[PDB]
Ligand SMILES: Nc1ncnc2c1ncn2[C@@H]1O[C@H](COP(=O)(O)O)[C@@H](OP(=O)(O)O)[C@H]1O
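The chain below stands alone, shown as structure tokens; this is the form solved without this ligand.
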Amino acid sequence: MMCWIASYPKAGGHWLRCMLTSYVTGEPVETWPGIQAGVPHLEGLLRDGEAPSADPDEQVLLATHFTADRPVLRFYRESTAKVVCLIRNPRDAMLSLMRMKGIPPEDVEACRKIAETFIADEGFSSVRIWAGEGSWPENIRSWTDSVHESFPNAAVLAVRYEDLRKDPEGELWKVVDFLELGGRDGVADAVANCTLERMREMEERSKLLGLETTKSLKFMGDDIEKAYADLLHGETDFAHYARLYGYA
């Protein structure tokens, strides 16, 4: 049966997928493309004209940022057994976009434009880097409370990026155990093989070989602090999920 690592952009997809690959391998992940080989990102596969079997006989582990209800996922409607929904603080996601885009905390003008768009969209809708991901609460709802709407046979386990970072081997095991990949023995090594350090080192090594690759809001202006806080404590599905996963 079919499994998904679902995650809204910048939630820590690459890291969790890398850990799950080294765990399954029992070996560190030598090159970046090892992530796409270990837990294929569906968007990646589609770009090449791949499209994994609907109704596989053995367990297949895939990843995506799509909401569960995108038409392309319908082929997996009945075969989807499990979902791991990786979630991260929306504040940090928004800062993460600023970093990956090379914007320093001194181009306030340009940062304000990102945070205002993110606040109005309740996510990344206007960022062209990604498609079909919806807003942040739309994404989570679709993979959690309304998952049966898209995948009637699915069980779901949420995991917060912040709990993964605080206790990597404990939370990884929850995931490994839920996905039924094996014993807790190999979990320690998987964590050690994929630290922030080992990750950057491996990404740089790959970029150089030619291979394919890739805080607070106060510094911004108090009126973006209030605009965020309004959204964070308001009555939308955004606020719902922020409270539910302890981000208020």
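Note that residue numbering begins at 1 and tracks the sequence as displayed.
Heads up, the form solved in complex with this ligand isn't pictured, but that's what we're talking about next.
Proximity of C194 to this ligand in the deposited bound form falls within the 4.5 Å heavy atom cutoff. The closest non-hydrogen atom of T144 lies beyond 4.5 Å of this ligand in the deposited bound form.
For the chain shown alone, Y161 is a contact residue for this ligand in the deposited bound form, at least one non-hydrogen atom being within 4.5 angstroms. The closest heavy atom approach of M199 to this ligand in the deposited bound form falls within 4.5 Å.
Looking at 92 to 100, 77 to 85, 149 to 157, 105 to 113, the stretch with residues near this ligand in the deposited bound form, meaning non-hydrogen atoms within 4.5 angstroms, turns out to be 92 to 100. Taking this ligand as positioned in the deposited bound form, the residues of 12 to 35 that bring a heavy atom within 4.5 Å of it are, in sequence order, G12, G13, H14, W15.
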